[PDB]
Structure formats: C-alpha cells, structure tokens
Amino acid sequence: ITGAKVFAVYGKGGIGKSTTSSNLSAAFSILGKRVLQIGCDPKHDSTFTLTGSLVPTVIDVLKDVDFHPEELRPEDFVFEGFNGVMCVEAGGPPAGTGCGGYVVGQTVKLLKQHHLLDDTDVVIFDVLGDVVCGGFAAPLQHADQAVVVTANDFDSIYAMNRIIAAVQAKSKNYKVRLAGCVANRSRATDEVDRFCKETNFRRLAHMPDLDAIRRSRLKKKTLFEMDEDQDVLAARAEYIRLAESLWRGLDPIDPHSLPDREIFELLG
C-alpha cells in the first residue's frame, strides 16, 4: 500500500480495541482526511459504530462466488460509514481450517484490484492482538506505525509485550515501527507505566470512556456522532490529539520485549 499513511491498531480483545480503532478513524475524518478502516478481527464488529450495522465480511462475499474476485463490485465489500469513512472488514477465517493471513491477504488484494487505495489518505487496521502469529501479523507488512491498545490488567500487558516483539520482528525487514501504547480508558495506569519504563516503551493518550458514556451508546454510535456533552467533548479531544500526533509523526523509540517469564515476576 502506497500513497497513504497506514496505522495498525493492535491489542487483545475484551478491552475495547474496536472502540479506540473506529474513533481514531472518525477523528481522522474530522481532520479532513480520507480514512479507510480495515477490520481484521474475527469478530467483525470494528466498523459497526462507523456504519451502524454489521458490514458483510470480504470472506463472506468471496465464499459466494466460489472464490472469484472478478464478479465482485466495490459496493459489495466496501461500505461508507460516518462522515464518509470507508469501512471494509476482512472477517474471520473459516472455523477449523484456513489461515488468517489469507483473509487479510485477499482483502488488500481486492482493495488494490479495484484501485480503492488511490483516494484514501489514512488506512486504519484493526487487528486482533490476542495472538501474534504471522497470519494475524500480516497488516504489519503494510503499516507505517503500530499503536497497541492495552489496559491495566495482566493479560493486556502480556499481549502488549507479545506485540512489541512481533512488531520489532517485522521491523528488521519492514518500515513498521512501534508508535507507543494507548490506555483503553481512563483508569489506573501504574502497572502500564511500570511496563513502559522497563521496556523503554511509552504511553500516548488516555481516553475517558469509563466515566459516563454508557456502553450501550459506546458500541452503537461513534463519539463524533453522539450528542454533545461534557464527557463526549472530553473524549473527542483525546482522539483528535492521538490522530494529529500520528499524522505529523512522532519521535522514534527503541523498545524491547521482556521475556515471557520476566513479565510474571514483574506484575504477579
């Protein structure tokens, strides 16, 4: 992918990864950029808040024409969401067989087959961070920066440590660098900060999704489409700064992943 800044939003599930991913796309669109969010999570609900409905996955449409990306139209797997944010979700691989790199590989293949990347200025990959195998690490081959999503619990810090090693493994042969980590919502961050100081990482922003912003409205609309109040405007500003920082570049860092055993003795 060329001619567009690509960011891979990593992080494990259950912490609101799709929330921080879809709002970053909407924040880029507020700043006047053409955004294109690629949903790579098996749970194809990353672009739900952008479109307002379940977008048909690319693998669902490809499994209808017997794997022939010829009769497919751009309006069959790419849908326009809030503020013109183009939404395409790869979906999950077949249950039991098939690889994740195939679902990610075919999505980018049709995006370049129909020339659906010449107009987009920002590409947002929402990638599952629960595993860091080469199949789900495929969006790192196209991304410029990789912002990881993490929470204060142990499983998120363990996944973040696994993504740091995965991105830096791809960093030796690809342009992808680690831009830092982002707390999922405004809570305690002492355990995340201690991991950053030990790994020479860094935490970026801190969105206030915990205070108010009822989960029913979180997963329904995006923050830039909700009605304005104190908490919405405060959370909107946290995503505008994150989008602007990633746009005009950040000062590079050189983190390192702790061994899988040294992270247990760090937290517990």
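We number the residues from 1 along the sequence you see.
>> Tell me which stretch has the larger mean Cα B-factor in this entry, 99-107 or 155-163.
In response: On average, C-alpha B-factors are higher across 99-107.
>> Mean CA temperature factor from the deposited coordinates, higher in 109-117 or in 124-132?
In response: Result: 109-117.
> Out of 27, 61, 36, 234, which residue has the highest Cα temperature factor in the PDB record?
Replying inline: The record points to 61.
> Compared with the other modelled residues in the chain, in which third is the CA B-factor of residue 203?
Replying inline: Lowest third, going by the recorded CA B-factors of the chain.
>> Please say which third, lowest, middle or highest, residue 47 falls into when its CA temperature factor is compared across its chain.
In response: CA B-factor rank for residue 47: lowest third.
>> Lowest, middle or highest third: which one holds residue 75 when the chain's residues are ordered by CA B-factor from the entry?
In response: For residue 75, whose C-alpha B-factor we compare with every modelled residue in the chain, the answer is the highest third.
> Considering only modelled residues of the same chain, in which third does the CA B-factor of residue 186 rank: lowest, middle or highest?
Replying inline: Ranked within chain, residue 186 CA B lands in the highest tercile.
> When the modelled residues of the chain are sorted by Cα temperature factor, does residue 31 land in the lowest, middle or highest third?
Replying inline: Within its chain, residue 31 is a middle-third residue by C-alpha B-factor, going by the deposited values.
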